[PDB]
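Participant: would you be able to build a 3D model of this:
(one chain, ligands or ions: 1)
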Amino acid sequence: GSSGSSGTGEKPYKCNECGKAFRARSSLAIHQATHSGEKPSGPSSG
Ligand SMILES: [Zn+2]
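Facilitator: Residues are numbered from 1 along each chain as shown. Let me share the structure:
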């Protein structure tokens, strides 16, 4: 694995969906726009 630690690193925003941490809101939002998912046309996967 990895330590994923480079000097400073404050996690002001935390995604209550997976566990991601962004520096600002905009950064968090853009991501939250990936979780959305329903009525999938093609369950072939899973
Ligand atoms: Zn997330």
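Participant: for the ion, what are the nearby residues on the chain?
Facilitator: Taking Cβ under 5 Å from the ion as the contact definition, the chain meets the ion at 15, 17, 18, 20. C-beta coordinates here come from the backbone N, C-alpha and C atoms, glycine included.
Participant: buried subset of the residues you listed?
Facilitator: Buried members of these, counted by 16 or more other Cβ atoms under 10 Å: none.
Participant: ok, which pair from those is furthest apart?
Facilitator: Spatially, the most separated pair among the residues of the chain next to the ion is 17 and 20, at 7.9 Å (Cβ to Cβ).
Participant: can I assume residue 28 sits in a helix?
Facilitator: Yes: under DSSP: H, G, I helix; E, B strand; the rest coil, residue 28 falls within a helix.
Participant: which of the residues of the chain next to the ion fall in strands?
Facilitator: Nothing among the residues of the chain next to the ion maps onto strands, per DSSP state E.
Participant: shared neighbours of residue 17 and residue 20, anything?
Facilitator: Common neighbours of residue 17 and residue 20, counting by Cβ atoms under 8 Å, 6 or more residues apart in numbering, are absent.
Participant: of the residues of the chain next to the ion, which is the nearest to residue 40?
Facilitator: Of those, the one sitting nearest to residue 40 (Cβ to Cβ) turns out to be residue 17, at 17.5 Å.
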